[PDB]
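A.B. asks: I have a structure I would like to understand better, so I am pasting it below and will then ask my questions one at a time.
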Amino acid sequence: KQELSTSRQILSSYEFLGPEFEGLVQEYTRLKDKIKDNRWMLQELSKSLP
Amino acid sequence: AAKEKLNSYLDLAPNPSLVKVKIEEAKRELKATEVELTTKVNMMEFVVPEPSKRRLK
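Chains C and A, in that order, are what the protein sequence lines are. If you're matching positions, the first sequence starts at 304 in PDB author numbering and goes up one per residue. If you're matching positions, the second sequence starts at 230 in PDB author numbering and goes up one per residue.
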């Protein structure tokens, strides 16, 4: 009950920066996820050179 | 449910202008990793004769 109360207090400070910020955060998050996927794909092709 | 919603916000300074810069940096990094992935794919072609259709060594 104490941990839930602290986390809910911090989230309330970011939610105050508007929908536009949330859009940016969503975009950033999407891009980081694609970079992570491409790096992961390059690593898997090198192990296969027999 | 409340902690998971907080970890998505931490790499981003609460400043929109600075976030746009981080987004542009992430777009450059995505183009470089895509070129490296295409080159390694082409060298793929020549090596010749011979052995069946088949073989070990």
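Where a beta carbon is used, it is the ideal one built from N, C-alpha and C, also for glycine.
1) In three-state DSSP terms, what is residue 352 of chain C?
2) What are the residues in the stretch 235-263 of chain A lying within 8 Å of chain C by C-beta distance?
3) With 7 Å as the C-beta to C-beta threshold (strictly closer), list the residues of the stretch 334-353 of chain C near chain A in chain order.
4) Buried or exposed: residue 241 of chain A, going by 16 or more other Cβ atoms within 10 Å of its Cβ?
5) Strictly under 8 Å for the Cβ-Cβ distance: is residue 315 of chain C near chain A by that measure?
6) Residue 231 of chain A to residue 267 of chain A, Cα distance in whole Å?
7) Run down chain C in chain order and give the residues with a C-beta less than 8 Å from the C-beta of residue 232 of chain A.
8) Which value, in whole angstroms, describes the spacing of the CA atoms of residue 273 of chain A and residue 348 of chain C?
9) Counting only C-beta atoms, is residue 265 of chain A closer than 8 Å to chain C at any point?
10) So which residues of chain C does residue 286 of chain A contact, with C-beta pairs closer than 7 Å?
11) Beta-carbon within less than 6 Å of residue 352 of chain C's beta-carbon, same chain only, minus the 5 sequence neighbours each way: which residues are those?
C.D. replies: Quick answer:
1) coil
2) 235, 237, 238, 240, 241, 243, 245, 248, 249, 251, 252, 255, 256, 258, 259, 262 and 263
3) 334, 335, 337, 338, 341, 342, 344, 345 and 348
4) buried
5) no
6) 41 Å
7) 310
8) 12 Å
9) yes
10) Those within 7 Å of residue 286 of chain A in chain C number zero; the least Cβ separation is about 11 Å.
11) none
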